[PDB]
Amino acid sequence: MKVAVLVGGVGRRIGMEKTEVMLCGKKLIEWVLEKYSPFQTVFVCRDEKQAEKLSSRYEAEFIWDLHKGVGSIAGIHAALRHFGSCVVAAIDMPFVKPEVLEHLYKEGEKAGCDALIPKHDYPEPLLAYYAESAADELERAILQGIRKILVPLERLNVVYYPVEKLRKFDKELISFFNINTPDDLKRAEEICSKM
């Protein structure tokens, strides 16, 4: 299984790069490093500059969008151009369960679709399966200056997977918990504490 971890997120509402955020005494980048090291993983940075700073800190595969694309779409595209189909996971979700990812990848591959994205009332694109066949539409969006993943997804054959079908792998669906604002760090802390 191939995993592309999006770590180029710049913590705006938290006043510090996401990678540096301290979760239970450990940086977020070290959280995902540990969690995904067992797989065929690449960490997608916002630019080569970040890749250089992280790679001099950790022995892992750090890549970036060749044509300096910005945002999530550019990060996913970069991963697809690097090694093909994979499951994407943002660093913003430090509690993702590998079982959940494994399922998404397998189901995504067999389904024969451009992307398999978890969904309740709204989809969660940064925690889904993307096949290589989805790269062109994503790249067109990047070149057209479109930073709304929903736009290129409409031009692709997407399979929206009921988030409920994932509870068998994740009881509380904690895999979907995102850290973006002050109230999240407070909760994130309580969660990693009870663990």
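Numbering starts at 1 and follows the sequence shown.
A summary of the deposited B-factors shows that, of 30-38 and 157-165, the stretch with the larger mean C-alpha value is 157-165. Set 144-152 against 123-131 and average the Cα temperature factors; 144-152 ends up higher. The entry assigns its greatest Cα B factor, within the set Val44, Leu66, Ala60, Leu138, to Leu66. In this PDB entry, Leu80 carries a Cα temperature factor that places it within the lowest third of its chain's modelled residues. In this PDB entry, the Cα temperature factor of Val5 sits in the bottom third of its chain's modelled residues, the lowest group.
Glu17 sits in the highest third of its chain by CA B factor, as recorded in the PDB entry. Placement of the Cα temperature factor of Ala74 within the chain: lowest third of the modelled residues, per the deposited record.
In this PDB entry, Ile179 carries a Cα temperature factor that places it within the lowest third of its chain's modelled residues.
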